[PDB]
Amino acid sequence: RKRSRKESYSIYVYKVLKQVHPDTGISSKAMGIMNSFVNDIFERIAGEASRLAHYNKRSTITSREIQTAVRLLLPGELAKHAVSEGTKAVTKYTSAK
């Protein structure tokens, strides 16, 4: 019998680490902290996006719900930078295919 797969953000967290600090490593416990962080923020944003949609009688969560959720959830400068990165990623995504 095979133990079923346990997904995590580790390889993606690790990629970002090498971008910002090419010669810096990360312990497995620290990576455990980072994985909890990403899961936590995911749920917080998704949760707020969910409520936002429901409040406005919409059945679809779009990038617009995510954006408003990010503004509600994140403090000043973090929200500003998150919004620009999110907006950039979406426009670039649609500009292709």
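Residues carry their position along the shown sequence, with the first being 1.
A summary of the deposited B-factors shows that, of 2 to 10 and 88 to 96, the stretch with the larger mean C-alpha value is 2 to 10. Checked against the record, the higher mean CA B factor of 33 to 41 and 49 to 57 lies with 49 to 57. Ranked within its chain, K15 lands in the middle third, by CA B factor from the PDB record.
Split the chain's modelled residues into thirds by C-alpha temperature factor. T62 is in the middle one.
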